[PDB]
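Take a look at this single chain in structure tokens; it is the form deposited in one PDB entry.
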């Protein structure tokens, strides 16, 4: 940890390493070091020294394991003090912040990162002695999960590049037509992408009324909620919303994604961040593949670009009404449990209410609208906003929210119990004991307290569902290798797999069973599954 011994290190040492850049699939490995006892080992040539390691044990283990897979080396991740910190407090999200909480410094030298990994592991493992529930989540979920994510990251997903490039041009021509239509209505040209320029045109030059203001700077907002509020008080607004949709999808997905294909795989490689969220969810970045478009007809065209290798099929599995089922288990609502022990669909039921139509005539776009509504209401939405999203008088929306919860009395009782317990203990917890600390529950400004309250009772629900999915991933991944299949993506309550066409149907059937039986609840988990040549087909 200050003293130096010749490479290689002894078995079980802690590793540090420096990458030329944050993405492991794209990084040059600039330095590799390892630490054990009172000694640090430094490698003369980093790529060769990788061959010597049996596992990756230390800070950001998964990242080094991914780079090793890229080179054809099986170097699974083992212990990672970031995972210990994240289980102790999920505000622990980066090495910089962990080190300056638990007794070190994160620099840019591999040998220091290795010596830091050594101490940070000893400190945090000691803080976890006696937290049997957190130790369980570390050994049975997070640590084995890191290996699953490393393989997902190194495998990647195939993308139809020539398609997206052709699509970029069709979208550009439609963007330019819309720009010209707005310029004409404004009587002049300007930067439609400049929020501040648009504000002035809409609210000063034209007379349009300003419905709301931005948070930090108090400017007149031009957000969709504001604009759609007057989608007919001027047609220009209508075109602006269509321009925004198109430019958003072009600059975020259509244009950048094609330029991210890796030269040695032919595929697109995301990163699955395991200590990035306050609830236990994963996140995805560089690029985010958890927010690929899907809701609009153009977003659908984009999602179709995600395709199976030649000779394989994509398999898509998605839990049914997942947080609603979890809520049933957590709250013990007899009436809510029943709903699911009878195969009812509350998303479909709210849509039938919303659109005045029998359950037989709800289509997939209707039910999507009802999902946002049902979860909006659930987690604390206000009567006022609902009346505005649903386009109905204030008093009509007040009432749905009343009936929504009368249905299931035990829910509000579980909310209040969770908060009281969170006020007493400092934190709220998932079914498996994952914690989120929420101090503001006893803040003296109502607005701050009530926000903390909404964050606080959402966490056990969203975080239990994430625990279940993570555990499902951990159980499923060994069965996929034995069938010659691959795990490609996770989108919170959804998995995408890639399987040989000859094994696709068996793989689907199997993955569904594992997901549904991951951890029986007081309510059955149902999983929808589809198979197709592309990401969209598989979700149908």
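Numbering follows the first chain given and starts at 1.
FYI, the form deposited in another entry isn't displayed, but the following is about it.
Exercise for the section: Take 69, 184, 377, 329 and report the one at the hinge of the rigid-body rearrangement between this form and the one not shown. Expected result: In this comparison, the hinge residue comes out as 377.
Practice task
Say whether the C-alpha atoms of residue 353 and residue 414 sit closer together or farther apart in the other entry than in the form shown here, given that their separation changes by 3 Å or more.
Solution key: Compared with the form shown here, the C-alpha atoms of residue 353 and residue 414 sit closer together in the other entry, by 3 Å or more.
Handout entry: Direction of Cα pair change residue 410-residue 377 in the other entry, magnitude 3 angstroms or more
Key = Compared with the shown chain, residue 410-residue 377 is closer in the other entry.
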